[PDB]
Amino acid sequence: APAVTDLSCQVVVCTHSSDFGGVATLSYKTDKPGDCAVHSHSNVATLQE
Amino acid sequence: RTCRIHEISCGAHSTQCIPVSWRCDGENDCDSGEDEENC
Ligand SMILES: [Ca+2]
């Protein structure tokens, strides 16, 4: 897998609508391209992908 | 080019090995269209 490091977040937009109304761009420093699993550990917000 | 067989070069103008899982994935990942061509 990628050695993802320096992961940081900013939320570009957020509406607390019933759909996926928030968008969060994730800045990261990898060592290779690859598929990373992504998850949100706090149930206040569920990710789409 | 010709990286480890889990990677393919997504182009020929410059070396760019990327995951084979991205071939015909639905988007061009690189400077050259051979993700999606003639799957
Ligand atoms: Ca692709």
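Residues numbered from 1 in each chain as written, not as in the entry; some residues may be left out. Chains lettered and ligands numbered in written order. Part of a larger assembly, values for the part shown. Heavy atoms only, no water.

Naming follows the PDB entry, where chain A appears as Spike glycoprotein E1 of Ross river virus.

1. Thoughts on the coordination of the calcium ion
All names here are of chain B. Short version of the rule: Only N, O and S atoms count as donors, using a 2.8 Å limit from the metal and a wider 3.2 Å limit for Na, K and Ca, and since water is excluded some coordination spheres may look unfilled. By the criteria applied here, four donors are tetrahedral when all angles lie between 85 and 135 degrees, four are square planar and six octahedral when opposite donors are over 155 degrees apart and every other angle lies between 65 and 115, and any other arrangement is irregular.
Coordination of the calcium ion by the protein comes from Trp22 (O), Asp25 (OD), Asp25 (OD), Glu27 (O), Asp29 (OD) and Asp35 (OD), over a distance range of 2.3 to 2.4 Å. Coordination at the calcium ion is irregular: its six donor atoms span angles of 55 to 148 degrees at the metal. Each donor residue of the calcium ion lies on one chain, and together they are spaced W-x2-D-x1-E-x1-D-x5-D.

2. A short note on the state of the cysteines
Residue and element names in this part refer to chain B. Going by this rule: In this description, a disulfide is simply a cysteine sulfur pair whose atoms lie within 2.5 Å. The way it works is that DSSP assigns letters per residue, a run of H or I at least four long becomes a helix, a run of E at least two long becomes a strand, and they are numbered from the N terminus. We call a residue buried when its accessible area falls under 20% of the maximum for its residue type, exposed when it is over 50%, and partly exposed in between, using a 1.4 Å probe and counting protein chains only.
What the rule picks out here adds up to three disulfides over all chains. At a sulfur-sulfur separation of 2.0 Å, the disulfide partner of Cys3 is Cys17. Disulfide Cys3 to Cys17: torsion about the S-S bond roughly 85 degrees, handedness right-handed. Taken together, the positions of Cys3 in the segment before β1 (7-9) and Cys17 in strand β2 (residues 17-19) put the pair 14 residues apart, joining distant regions of the chain. Judged by relative accessible area, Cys3 falls into the partly exposed class, the value being 34%. Taking the relative accessible area as the measure of exposure, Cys17 reaches 13% and is therefore buried.

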